[PDB]
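What follows is a single structure, written as structure tokens, with notes after it.
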Amino acid sequence: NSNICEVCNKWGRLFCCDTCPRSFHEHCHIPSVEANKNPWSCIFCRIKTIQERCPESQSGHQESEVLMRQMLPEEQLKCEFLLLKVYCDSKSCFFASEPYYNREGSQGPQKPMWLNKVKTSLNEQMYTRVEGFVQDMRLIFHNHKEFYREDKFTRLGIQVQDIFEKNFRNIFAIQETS
Ligand SMILES: [Zn+2]
Ligand SMILES: [Zn+2]
Ligand SMILES: [Zn+2]
């Protein structure tokens with residue numbers, strides 16, 4: 001197994017996957033690493049199993065269909081993994097905890113949003129469809145773009161949104177287009 005957490009790339013108290021060489025901190029894994037379960041399989045392994053059980057699940061899909069899916073166990077898992085993939089980028093630090101807004105010439109968003117709030121919402125099964133989760137994730141970056149206006153710091157939102165969108169298209173097998 002790896003000697004650093006797959007998400008934050010730090011050592012510490014790590015839990016090891018039994019089916020692949022990744023390791024995690026307890027709360028870096030999503031969902032949080034389970035109390036017992038020997039053997040234990042990480043989310044990367046669980047996602048791979050879905051695809052192997054139903055190879056046709058990798059054929060292309062329309063985003064509009066994906067968004068209307070109900071949050072059954074498999075879609076819940078895919079959203080958890082997509083959230084995890086965003087936390088894997090170090091620039092997610094800017095969007096993790098609850099923001100505050102006091103900048104000359106700007107007004108804070110009507111509906112603040114951040115990664116830890118989405119994480120909690122997923123944990124508490126607050127989303128009924130994929131659309132709920134995707135809307136909140138996109139709202140994080142849209143709020144950032146609007147607030148920071150022409151400051152170059154706006155680019156961090158563009159950057160992290162691109163990681164989200166690429167991973168969304170991969171995990172949910174969105175039909176490739178020009
Ligand atoms: Zn970690
Ligand atoms: Zn694994
Ligand atoms: Zn199948």
Side-chain angles (χ1 to χ4, degrees), residues 6-8 15 17-20 22 24 26-35 39-89 91-92 94-99 109-146 157-178:
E6 185 77 2
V7 181
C8 75
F15 303 84
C17 186
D18 287 312
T19 41
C20 80
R22 300 170 173 97
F24 306 81
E26 176 166 18
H27 300 312
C28 282
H29 201 269
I30 306 179
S32 287
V33 170
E34 296 72 22
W40 179 76
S41 269
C42 82
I43 190 162
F44 292 79
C45 285
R46 293 168 67 191
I47 291 286
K48 185 205 302 299
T49 295
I50 303 314
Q51 293 170 5
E52 290 176 349
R53 288 180 163 155
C54 289
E56 69 273 28
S57 72
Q58 300 159 271
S59 297
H61 297 86
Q62 298 298 112
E63 181 179 309
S64 63
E65 178 269 319
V66 170
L67 298 181
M68 295 309 301
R69 295 179 191 167
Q70 299 176 10
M71 290 282 254
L72 296 179
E74 292 198 350
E75 304 311 303
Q76 175 80 27
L77 196 75
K78 289 175 171 207
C79 289
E80 292 163 351
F81 188 54
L82 173 48
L83 184 55
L84 178 137
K85 286 289 199 155
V86 172
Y87 283 99
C88 290
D89 196 282
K91 296 163 178 282
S92 71
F94 297 111
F95 304 102
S97 71
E98 181 171 8
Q110 302 298 320
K111 187 179 168 184
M113 194 47 62
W114 60 98
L115 301 167
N116 296 346
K117 187 174 170 71
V118 181
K119 181 182 283 200
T120 292
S121 294
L122 272 178
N123 177 245
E124 286 179 14
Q125 304 161 303
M126 298 291 305
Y127 299 113
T128 58
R129 289 171 199 272
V130 175
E131 176 178 52
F133 165 81
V134 174
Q135 287 170 343
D136 279 354
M137 295 292 287
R138 288 169 170 171
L139 182 61
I140 297 171
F141 312 114
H142 191 258
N143 285 351
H144 178 98
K145 289 165 104 162
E146 297 303 296
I158 291 162
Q159 291 174 326
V160 183
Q161 177 152 25
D162 193 46
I163 299 296
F164 173 67
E165 289 302 339
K166 278 180 197 270
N167 281 283
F168 175 66
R169 286 190 307 267
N170 177 258
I171 292 164
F172 287 94
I174 298 295
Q175 175 53 51
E176 285 278 296
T177 58
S178 44

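Numbering starts at 1 and runs along the sequence shown. All values below come from the heavy atoms of this structure, side chains included, with hydrogens, waters and symmetry mates left out.
- Other residues, nucleotides and ligands contribute more than 12 heavy atoms inside 6.0 Å of the CD atom of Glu56.
- Using modelled atom types, one side-chain atom of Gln76 and one backbone atom of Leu122 make a donor-acceptor pair closer than 3.5 Å.
- Atom CG of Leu67 is separated from atom CD of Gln135 by 7.5 Å, given to the nearest 0.5 angstrom.
- Each of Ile140, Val86, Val118 was scored for a side chain to side chain contact (heavy atoms under 4.5 Å, CB included) with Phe95, with one residue passing: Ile140.
- Once rounded to the nearest 0.5 Å, the distance linking NZ of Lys85 with CD1 of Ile171 reads 6.5 Å.
- Between the side chain of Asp18 and the backbone N or O of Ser41, no donor-acceptor pair lies under 3.5 Å.
- A 4.5 Å side-chain heavy-atom check between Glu146 and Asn143 finds every atom pair outside the cut-off.
- In this structure, the side chains of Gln70 and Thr128 stay at 4.5 Å or more apart for every pair of heavy atoms.
- In terms of heavy-atom proximity, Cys42 sits nearest to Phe24 at CB-CE1, 3.6 Å.
- Summarising the geometry, atom CD1 belonging to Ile163 is positioned 10.0 Å from atom SG belonging to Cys88; distances are rounded to the nearest 0.5 Å.
- Closest heavy-atom contact between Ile30 and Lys119: CD1-CE, 3.8 Å.
- Distance CG/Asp162 to CG/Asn167: 9.5 Å, rounded to 0.5 Å.
- Of all non-hydrogen atoms in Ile50 and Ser57, the two that sit nearest each other are O-OG, 4.5 Å.
- For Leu84 against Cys28, the heavy-atom pair with the smallest separation is CD1-O, 3.6 Å.
- Using a 4.5 Å cut-off on side-chain heavy atoms (C-beta onward), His29 and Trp40 make contact.
- Within the model, atoms CG of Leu139 and NZ of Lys111 stand 6.0 Å from one another, a figure rounded to the nearest 0.5 Å.
- Listed by chain and number, the residues in a salt bridge (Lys or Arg N to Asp or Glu O under 4.0 Å) with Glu74 amount to none (sequence neighbours excluded).
- The heavy-atom pair separating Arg129 from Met68 by the smallest distance is NH1-O, 3.0 Å.
- Here the shortest heavy-atom pairing between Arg46 and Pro31 reads NH1-CD, 4.5 Å.
- Side-chain N or O atoms of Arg169 include none that pairs as donor or acceptor with a backbone N or O of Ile174 at under 3.5 Å.
- In this structure, the ring pair (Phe, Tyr, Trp, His ring centres under 6.0 Å) partners of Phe168, at least two apart in sequence or on a different chain, are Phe172.
- Residue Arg22 holds its CZ atom at 11.0 Å from CD1 of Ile43, rounded to the nearest 0.5 Å.
- Counting only residues at least two apart or on different chains, the ring-ring contact (aromatic ring centres under 6.0 Å, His included) pairs with a member in residues 43-67 are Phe44-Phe81.
- Residues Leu82 and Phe164 form a side-chain contact, since some pair of their non-hydrogen atoms from C-beta on lies under 4.5 Å apart.
- Screening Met137, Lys145, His144 for a side chain to side chain contact (heavy atoms under 4.5 Å, CB included) involving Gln161 leaves a single residue, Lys145.
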